[PDB]
Structures are given as C-alpha cells and as structure tokens.
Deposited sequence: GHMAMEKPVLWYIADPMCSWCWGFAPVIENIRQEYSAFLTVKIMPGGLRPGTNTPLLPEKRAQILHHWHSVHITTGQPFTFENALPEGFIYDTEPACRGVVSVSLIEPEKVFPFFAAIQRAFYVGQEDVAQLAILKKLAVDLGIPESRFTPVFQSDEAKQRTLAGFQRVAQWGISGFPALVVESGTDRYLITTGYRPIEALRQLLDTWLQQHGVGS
C-alpha cells in the first residue's frame, strides 16, 4: 500500500494554476512511490472591487513568476459571482467516474477559467470540459447533481479545515494513521523534490 500524496487545491485559486506544472512533474516523477490524489478545498454575492483588485494582483504575480497564462482583458466583470463549490464538485465527480482523469479535469477547469474566461461555476461549462476528456455527459451530469457528490465535496472541505490547512495549494502525505504536511503554498519543483525525497527517505 503506497502512501497517498494529497493535493489540496481549488481550480479557482490562482497560485494553484501557477503550481499546475509543478504538481504535473511530481505526478510524473513520484507515481511509482506515492498515489497522488486531489482533495478540493462557496458564495452568491457579487465580487467587490477591492477584492477583485487583490485577486488580479495575485494573477499578475502568478503569471510573471510561473509563466502560466491569464486573460486580463475584461477579467472578472462586475456582477461575476466567485462561487468555487461547483468546480470543486466537478472534480469530485470525475474522481468517482474515472480517477485517472481527475488531474486533467482540474487543469481543464483552470484553463477555461483563467484563459477562456468561462464561468466554471456553471454545469454547462463543466460538462463540456468532461466531454473533451472522454467522459460522456450522460455519466458526468447525474454524478455532478447527486447528493453523494455534494456531500463528498463538503466532507472534503471539512477535512481540509480539520487538518488546519492555512495556505493553498497544499500537499499532505497520508500514510496509514499518520499525516505529514509537505507544503502550504506555491513552491518551486526543486524545493518540493527535496521535501518529498526526505519524506520517502525517512518513511520507508
């Protein structure tokens, strides 16, 4: 039984998009030794101007630090509601349908949002992304709408809170009864190689 490396992230977190190439490399390099899984971790009021400016500063920081693309022209128009729950639930849904497609689906949402400017809070948008990855709408939509996907998603958020996670993206190794915090924020691949390497050396 391999230890599990939990990627604790939200598709509408900009530093998570900055970190997408890093977690891709980690998955590519460590998947013989760690099972890498996503634990996604809600609103209905318009985004306020001050808050929008903070978010856009984060996007600029991510872009210049990591090179990950953003479409800044007409970004986050007024009236936009920053509801992160449905996209998290879409990811949970794909985990129940085809676990191998979880990381590609998460990335597809991030690109559709940051570059495509698509409202990834909407089912119409999410089901299209699942179709692009070979998941039929007839499998995705019932799962997305189910109480099960809703409750699993919320249970994920609650577990993230219970684990005391204060920054995102975060990485946690869970081995048997034990959990180990690896990182709680974006860091370069070199730093995370060190951290993972030491964890595996000390644990095993």
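Counting from residue 1 of the deposited sequence, the stretches lacking C-alpha coordinates in this chain are 1-5, 47-50, 214-216.
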